[PDB]
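**Q** I am attaching a structure below and will ask some questions about it afterwards.
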Amino acid sequence: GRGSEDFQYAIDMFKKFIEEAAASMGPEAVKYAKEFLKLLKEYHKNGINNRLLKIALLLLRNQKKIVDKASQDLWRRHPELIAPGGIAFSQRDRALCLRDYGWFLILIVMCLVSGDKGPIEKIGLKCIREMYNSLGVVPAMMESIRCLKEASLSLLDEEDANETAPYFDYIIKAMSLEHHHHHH
Ligand SMILES: C=CC1=C(C)C(Cc2[nH]c(Cc3[nH]c(CC4=NC(=O)C(C)=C4CC)c(C)c3CCC(=O)O)c(CCC(=O)O)c2C)=NC1=O
């Protein structure tokens with residue numbers, strides 16, 4: 001692991017995310033993410049919003065801490081996820097939970113630096129549909145992003161949390177509609 005307070009750190013975090021998730025999000029989404037990365041660098045040439053980059057870095061350096069804290073909260077509130085017959089019982093499946101947890105955070109950070117829910121509309125909404133095609137309707141999943149939200153916002157002040165909270169709310173609402181309107 002490695003943390004940094006530079007713009008190159010956030011760029012590298014997005015690059016590694018594009019590489020790791022390319023096969024999962026599909027080709028239309030990696031094109032969106034590649035264009036996003038090119039545009040953020042172009043506008044960085046004209047000066048970046050320091051408050052947004054500060055919140056973005058703070059969540060990025062503590063990504064694994066947030067992932068571990070949220071996953072621990074989720075297993076406690078819903079032990080059926082890791083129990084036999086659960087979706088995260090298998091060590092590979094549980095590792096995939098933590099992977100998507102860190103991926104969900106990257107999407108949150110992509111919205112922070114841009115101040116727009118665009119990356120969650122394009123990449124997030126499509127991946128939630130594909131994630132439910134492979135998993136199915138598991139009611140404990142609704143508490144997933146809540147644990148991620150509570151674990152991320154606990155590292156921010158009230159002003160920074162108010163800036164980040166809408167993107168978590170947007171994902172939870174989207175998961176809610178995908179959850180209860182999937183087989184319809
Ligand atoms: C851009 C960020 C991106 C995001 C957030 C995603 C979600 C996503 N997960 C999965 C698969 C996926 N997820 C999980 C677990 C999980 N995810 C959670 O958020 C929580 C919580 C849990 C644990 C309870 C498992 C076990 C599997 C494999 C299931 C199977 O193959 O049969 C797919 C289908 C394609 C694939 O296999 O990768 C997609 C689209 N894909 C991106 O690229």
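Each chain in the structure tokens gets a letter, A, B and so on, in the order shown; residues start at 1 in every chain, and ligands are counted from 1 in the order they appear.
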Go through chain A residue by residue and, counting only C-alpha atoms and all ligand atoms, keep those with an atom at most 9 Å from ligand 1; for each kept residue give the shortest atom pair and its distance in Å to one decimal, ordered by chain and increasing number, as JSON lines.
**A**
```
{"residue": "A:17", "atom": "CA", "partner": "ligand 1", "partner_atom_place_in_ligand_line": "1 (C)", "distance": 7.6}
{"residue": "A:18", "atom": "CA", "partner": "ligand 1", "partner_atom_place_in_ligand_line": "1 (C)", "distance": 7.7}
{"residue": "A:20", "atom": "CA", "partner": "ligand 1", "partner_atom_place_in_ligand_line": "43 (O)", "distance": 7.9}
{"residue": "A:21", "atom": "CA", "partner": "ligand 1", "partner_atom_place_in_ligand_line": "43 (O)", "distance": 4.3}
{"residue": "A:22", "atom": "CA", "partner": "ligand 1", "partner_atom_place_in_ligand_line": "43 (O)", "distance": 6.2}
{"residue": "A:23", "atom": "CA", "partner": "ligand 1", "partner_atom_place_in_ligand_line": "38 (O)", "distance": 7.0}
{"residue": "A:24", "atom": "CA", "partner": "ligand 1", "partner_atom_place_in_ligand_line": "38 (O)", "distance": 4.0}
{"residue": "A:25", "atom": "CA", "partner": "ligand 1", "partner_atom_place_in_ligand_line": "43 (O)", "distance": 3.6}
{"residue": "A:26", "atom": "CA", "partner": "ligand 1", "partner_atom_place_in_ligand_line": "43 (O)", "distance": 7.3}
{"residue": "A:29", "atom": "CA", "partner": "ligand 1", "partner_atom_place_in_ligand_line": "1 (C)", "distance": 7.8}
{"residue": "A:30", "atom": "CA", "partner": "ligand 1", "partner_atom_place_in_ligand_line": "1 (C)", "distance": 8.6}
{"residue": "A:71", "atom": "CA", "partner": "ligand 1", "partner_atom_place_in_ligand_line": "21 (C)", "distance": 7.9}
{"residue": "A:74", "atom": "CA", "partner": "ligand 1", "partner_atom_place_in_ligand_line": "21 (C)", "distance": 8.4}
{"residue": "A:81", "atom": "CA", "partner": "ligand 1", "partner_atom_place_in_ligand_line": "24 (C)", "distance": 6.3}
{"residue": "A:82", "atom": "CA", "partner": "ligand 1", "partner_atom_place_in_ligand_line": "24 (C)", "distance": 8.1}
{"residue": "A:86", "atom": "CA", "partner": "ligand 1", "partner_atom_place_in_ligand_line": "24 (C)", "distance": 8.2}
{"residue": "A:87", "atom": "CA", "partner": "ligand 1", "partner_atom_place_in_ligand_line": "24 (C)", "distance": 5.4}
{"residue": "A:88", "atom": "CA", "partner": "ligand 1", "partner_atom_place_in_ligand_line": "24 (C)", "distance": 4.8}
{"residue": "A:89", "atom": "CA", "partner": "ligand 1", "partner_atom_place_in_ligand_line": "24 (C)", "distance": 8.6}
{"residue": "A:90", "atom": "CA", "partner": "ligand 1", "partner_atom_place_in_ligand_line": "26 (C)", "distance": 8.4}
{"residue": "A:92", "atom": "CA", "partner": "ligand 1", "partner_atom_place_in_ligand_line": "26 (C)", "distance": 7.4}
{"residue": "A:93", "atom": "CA", "partner": "ligand 1", "partner_atom_place_in_ligand_line": "26 (C)", "distance": 4.1}
{"residue": "A:94", "atom": "CA", "partner": "ligand 1", "partner_atom_place_in_ligand_line": "23 (C)", "distance": 5.9}
{"residue": "A:95", "atom": "CA", "partner": "ligand 1", "partner_atom_place_in_ligand_line": "15 (C)", "distance": 7.7}
{"residue": "A:96", "atom": "CA", "partner": "ligand 1", "partner_atom_place_in_ligand_line": "15 (C)", "distance": 4.8}
{"residue": "A:97", "atom": "CA", "partner": "ligand 1", "partner_atom_place_in_ligand_line": "22 (C)", "distance": 3.5}
{"residue": "A:98", "atom": "CA", "partner": "ligand 1", "partner_atom_place_in_ligand_line": "20 (C)", "distance": 6.9}
{"residue": "A:99", "atom": "CA", "partner": "ligand 1", "partner_atom_place_in_ligand_line": "17 (N)", "distance": 7.2}
{"residue": "A:100", "atom": "CA", "partner": "ligand 1", "partner_atom_place_in_ligand_line": "19 (O)", "distance": 4.6}
{"residue": "A:101", "atom": "CA", "partner": "ligand 1", "partner_atom_place_in_ligand_line": "19 (O)", "distance": 5.4}
{"residue": "A:102", "atom": "CA", "partner": "ligand 1", "partner_atom_place_in_ligand_line": "5 (C)", "distance": 8.0}
{"residue": "A:103", "atom": "CA", "partner": "ligand 1", "partner_atom_place_in_ligand_line": "2 (C)", "distance": 4.5}
{"residue": "A:104", "atom": "CA", "partner": "ligand 1", "partner_atom_place_in_ligand_line": "5 (C)", "distance": 4.8}
{"residue": "A:105", "atom": "CA", "partner": "ligand 1", "partner_atom_place_in_ligand_line": "5 (C)", "distance": 8.5}
{"residue": "A:106", "atom": "CA", "partner": "ligand 1", "partner_atom_place_in_ligand_line": "2 (C)", "distance": 7.6}
{"residue": "A:107", "atom": "CA", "partner": "ligand 1", "partner_atom_place_in_ligand_line": "1 (C)", "distance": 6.7}
{"residue": "A:119", "atom": "CA", "partner": "ligand 1", "partner_atom_place_in_ligand_line": "1 (C)", "distance": 8.9}
{"residue": "A:120", "atom": "CA", "partner": "ligand 1", "partner_atom_place_in_ligand_line": "1 (C)", "distance": 8.7}
{"residue": "A:123", "atom": "CA", "partner": "ligand 1", "partner_atom_place_in_ligand_line": "1 (C)", "distance": 5.7}
{"residue": "A:124", "atom": "CA", "partner": "ligand 1", "partner_atom_place_in_ligand_line": "1 (C)", "distance": 6.2}
{"residue": "A:125", "atom": "CA", "partner": "ligand 1", "partner_atom_place_in_ligand_line": "5 (C)", "distance": 8.9}
{"residue": "A:126", "atom": "CA", "partner": "ligand 1", "partner_atom_place_in_ligand_line": "40 (C)", "distance": 7.1}
{"residue": "A:127", "atom": "CA", "partner": "ligand 1", "partner_atom_place_in_ligand_line": "40 (C)", "distance": 3.7}
{"residue": "A:128", "atom": "CA", "partner": "ligand 1", "partner_atom_place_in_ligand_line": "7 (C)", "distance": 5.8}
{"residue": "A:129", "atom": "CA", "partner": "ligand 1", "partner_atom_place_in_ligand_line": "40 (C)", "distance": 7.0}
{"residue": "A:130", "atom": "CA", "partner": "ligand 1", "partner_atom_place_in_ligand_line": "40 (C)", "distance": 4.4}
{"residue": "A:131", "atom": "CA", "partner": "ligand 1", "partner_atom_place_in_ligand_line": "39 (C)", "distance": 3.9}
{"residue": "A:132", "atom": "CA", "partner": "ligand 1", "partner_atom_place_in_ligand_line": "33 (C)", "distance": 7.5}
{"residue": "A:133", "atom": "CA", "partner": "ligand 1", "partner_atom_place_in_ligand_line": "34 (C)", "distance": 7.3}
{"residue": "A:134", "atom": "CA", "partner": "ligand 1", "partner_atom_place_in_ligand_line": "32 (O)", "distance": 4.4}
{"residue": "A:135", "atom": "CA", "partner": "ligand 1", "partner_atom_place_in_ligand_line": "29 (C)", "distance": 5.4}
{"residue": "A:138", "atom": "CA", "partner": "ligand 1", "partner_atom_place_in_ligand_line": "24 (C)", "distance": 8.5}
{"residue": "A:140", "atom": "CA", "partner": "ligand 1", "partner_atom_place_in_ligand_line": "24 (C)", "distance": 8.2}
{"residue": "A:141", "atom": "CA", "partner": "ligand 1", "partner_atom_place_in_ligand_line": "21 (C)", "distance": 6.0}
{"residue": "A:142", "atom": "CA", "partner": "ligand 1", "partner_atom_place_in_ligand_line": "21 (C)", "distance": 8.8}
{"residue": "A:143", "atom": "CA", "partner": "ligand 1", "partner_atom_place_in_ligand_line": "21 (C)", "distance": 8.6}
{"residue": "A:144", "atom": "CA", "partner": "ligand 1", "partner_atom_place_in_ligand_line": "21 (C)", "distance": 5.3}
{"residue": "A:145", "atom": "CA", "partner": "ligand 1", "partner_atom_place_in_ligand_line": "21 (C)", "distance": 7.5}
```
**Q** Give the helix (DSSP H, G or I) residues of chain A, as assigned by DSSP on the backbone, as a VMD selection string.
**A** chain A and resid 7 to 25 27 to 44 50 to 61 63 to 77 79 to 81 91 to 114 118 to 135 139 to 153 158 to 180
**Q** Do you have the atom CA of residue 153 of chain A-atom CA of residue 37 of chain A distance handy?
**A** 24.8 Å
**Q** I want to know what sits within 10 Å of residue 40 of chain A, based on only C-alpha atoms, with residues of the same chain fewer than 6 positions away left out; could you give that as a VMD selection string?
**A** chain A and resid 11 48 110 113 to 114
**Q** Restricting the output to C-alpha atoms, write the selected residues as a compact mmCIF listing (two decimals), in the first residue's frame.
**A**
```txt
# COMPACT_ATOMS: atom_id res chain seq x y z
CA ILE A 11 -4.97 9.68 -10.88
CA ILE A 48 -8.21 22.11 -9.13
CA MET A 110 -14.83 10.07 -8.84
CA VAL A 113 -13.55 15.53 -7.57
CA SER A 114 -16.13 16.28 -10.27
```
**Q** Tell me which protein, DNA and RNA residues are within 9 Å of residue 10 of chain A, counting only C-alpha atoms, leaving out same-chain ones fewer than 5 positions away, and put them as a ChimeraX atom specification.
**A** /A:4-5,15,53,56-57,60,109
**Q** Store the residues picked out above, limited to C-alpha atoms, as a compact mmCIF listing (two decimals), in the first residue's frame.
**A**
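Output file again_28.txt follows:
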```txt
# COMPACT_ATOMS: atom_id res chain seq x y z
CA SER A 4 -0.04 10.46 -0.99
CA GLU A 5 -1.30 14.05 -0.93
CA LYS A 15 -5.92 4.03 -13.33
CA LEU A 53 -9.31 17.00 -3.79
CA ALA A 56 -11.04 12.79 -2.28
CA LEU A 57 -7.52 11.98 -1.06
CA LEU A 60 -8.62 7.30 -1.05
CA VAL A 109 -14.35 9.59 -5.09
```
**Q** Under the rule that only C-alpha atoms are counted, which of A:166, A:151, A:111, A:69 is the nearest residue to residue 52 of chain A?
**A**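 Smallest distance to residue 52 of chain A is found for A:111.
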**Q** Calculated over only C-alpha atoms, which of the candidates A:72, A:154, A:176, A:164 has the smallest distance to residue 51 of chain A?
**A**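 Among the listed residues, A:164 lies closest to residue 51 of chain A.
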**Q** Would you kindly return, as a list in words, each protein, DNA or RNA residue with an atom no farther than 10 Å from any atom of residue 183 of chain A, considering only C-alpha atoms and excluding same-chain residues fewer than 5 positions away?
**A**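 So the residues in contact are residues 136, 137 and 178 of chain A.
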**Q** Suppose you want the space between atom CA of residue 155 of chain A and atom CA of residue 43 of chain A; what is it in Å?
**A**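 A separation of 27.5 Å between them.
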**Q** Rank A:28, A:157, A:19, A:6 by their smallest atom-to-atom distance to residue 122 of chain A, using only C-alpha atoms, and report the top residue only.
**A**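 Of A:28, A:157, A:19, A:6, the one nearest residue 122 of chain A is A:28, counting only C-alpha atoms.
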